[PDB]
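The structure appears below as structure tokens.
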Amino acid sequence: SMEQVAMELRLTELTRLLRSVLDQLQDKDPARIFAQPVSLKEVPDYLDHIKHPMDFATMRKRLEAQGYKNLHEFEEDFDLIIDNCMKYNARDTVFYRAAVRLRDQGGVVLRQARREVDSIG
């Protein structure tokens, strides 16, 4: 139908906006602490601690499958990256500290993305 196509065009354009959002958020992690999944070879007990692992590569796979239906779903995954790190790692660690900086700096980017999504429908 013509409606299913129009909807698909909306999803494509959302995917295009979320791709730029993801690139901006990831620049706020220059150390690449959050780039890839925590290795279960190197942290074999991780899943005993963290029930819903997340990272930027896993978000990118979902994004390219147009697996994000709205910005809320995308923010949920970003928030998991931060919140998982801040639980697993102690406050006095480079990992925790990197999450805090990503959270603070990403908030700016996400604040305007929410407006661009409401604005452009």
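Here the Cβ positions follow ideal geometry from the backbone for every residue, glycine too, while neighbour counts run over all protein chains shown. Bear in mind these aren't lab numbers, they're just calculated from the coordinates by the rules spelled out.
Tabulated data for the structure shown
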| item | result |
| --- | --- |
| Taking the chain and dividing mean pair separation by its residue count, relative contact order in percent (alpha carbons under 8 Å, at least six apart) | 30 percent |
| The range 60-121 - charge dipole about Cα centre, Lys and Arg +1 at Cβ, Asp and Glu -1, debye rounded to 20 | 180 debye |
| Mean ellipticity per residue at 222 nm, deg cm²/dmol - from DSSP H runs of n ≥ 4 across the chain, formula -39500 (n - 2.57) | -23000 deg cm²/dmol |
| Extension gain from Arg19 to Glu76, taking 0.36 nm per residue of separation minus the Cα-Cα distance | 19.0 nm |
| Computed E for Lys61/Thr12 - FRET, C-beta separation, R0 25 angstrom, nearest 0.05 | 0.90 |
| Reach of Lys41 by Cα under 23 Å, taken over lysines that are not fewer than 8 positions away in the same chain | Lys51, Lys61, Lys87 |
| In nm, spacing of pseudo-spin labels at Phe95 and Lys69 (7 Å Cα→C-beta vector) | 3.3 nm |
| Nearest-20 debye value, the chain charge dipole, Cβ charges on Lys, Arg, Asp, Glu | 240 debye |
| Pair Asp83, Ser39: separation of 7 Å Cα→Cβ label points (nm) | 2.8 nm |
| Phi-based couplings in Hz for the range 38-50 (Karplus 6.51, -1.76, 1.60; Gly and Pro marked x) | 4, 5, 7, 5, 7, 10, x, 8, 4, 6, 6, 9, 10 |
| Qualifying trypsin sites (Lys or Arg not before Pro) for the range 72-112 [loop in DSSP, other Cβ within 10 Å: at most 16] | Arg91 |
| Axial C-alpha extent at least 20 Å, average Kyte-Doolittle at least -0.5 - helices from the chain (DSSP) | 2-27, 71-88, 94-119 |
